[PDB]
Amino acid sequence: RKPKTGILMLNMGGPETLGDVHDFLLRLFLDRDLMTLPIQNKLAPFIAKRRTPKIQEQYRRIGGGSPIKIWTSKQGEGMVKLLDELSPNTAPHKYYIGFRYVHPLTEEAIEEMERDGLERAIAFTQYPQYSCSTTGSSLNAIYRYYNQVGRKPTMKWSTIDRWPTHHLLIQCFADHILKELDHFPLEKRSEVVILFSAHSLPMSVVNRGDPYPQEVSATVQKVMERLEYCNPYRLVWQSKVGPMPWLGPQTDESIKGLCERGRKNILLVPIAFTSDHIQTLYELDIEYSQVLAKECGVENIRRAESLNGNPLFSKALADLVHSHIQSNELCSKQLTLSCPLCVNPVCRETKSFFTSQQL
């Protein structure tokens, strides 16, 4: 018995039922690593209470919550079995789930990993493409936790901090696309537009030099290479409400514009968040989707299945943890470089934490 290697699976998490929405949002609007608001401690609870009902309504439209915990566990369980065979010298592997905004929280998972007396811990982001708002907040949590608790790790840390072009991730995307194309009529299959859709960033975050848009773009091109460019594609970005500029084209405006220009068959691909999540206006709202079919004659909008829903995804995850171990790296080279216009002093602390680890 006793676990020697721990794999901390990091992700923002998601409310498992609609009652969880308030506290998910509370911890989100309190995240300094995500966004800076004046008097943040006092605004958060309020914004969180004002938006709980719209976000419960959105989660109701998709089954009443997020499956991310159950899917992450099961991928975790499957990654372990494969690792136990793959890397016998790192021996009993154990996965922990570290969500940023919901239980099991990142800090909770860190405590438990210490109590378990692990030999090595691996901060394994579940976001293939790095943004400071996602992977960087989760890594910043791991450092803000030793700095809060006043103590030093009792295990050796490393991080798998991005994997935007990992060959089995790319093969899972291409498989899910092929499968979904098979649901359009055969005579039409040729004309289906592949719209890769990733969550957008505000332009001020893009302009400070966030690495995310470039890495999402790289995953897109690998996928299309693997598909031998069989259909035409675009990368668009699911933006939102507020009147701050975000990186576009926006998913909803692109769908409408595509339909206005004669493209009636559209395949949406969630290229940057591997679990089920809130869907778009044309997927959800029937008067919109009605206006659209009547004005432009939309024939089919389909969304490809989430990866974190697969099997061979486990094989992707284990294969990464295993190359990471073979390679003896502490973090990717990219993590050694802070954004050109970074204004968050913890970023640099989190970087030295990882690059300075024993081993």
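Start at 1 and count along the sequence shown; that's the residue number.
Stretches 292 to 300 and 63 to 71 differ in mean C-alpha B factor, with the higher average recorded for 292 to 300. Of the two segments examined, 93 to 101 and 264 to 272, it is 93 to 101 that shows the higher average Cα temperature factor in the deposited entry. Within the group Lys222, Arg234, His183, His199, the record's highest C-alpha temperature factor is found at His183. Of all the options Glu287, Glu215, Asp210, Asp161, the entry's greatest CA B-factor is assigned to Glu287. In this PDB entry, the Cα temperature factor of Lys42 sits in the top third of its chain's modelled residues, the highest group. Looking at the C-alpha B-factors along this chain, the one for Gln326 belongs to the highest third. Per the deposited record, the Cα B-factor of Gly78 falls in the middle third when ranked against the other modelled residues of its chain. Per the PDB record, residue ranking by Cα B-factor puts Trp157 in the middle third of the chain. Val149: CA B factor lies in the highest third for its chain, per the PDB record.
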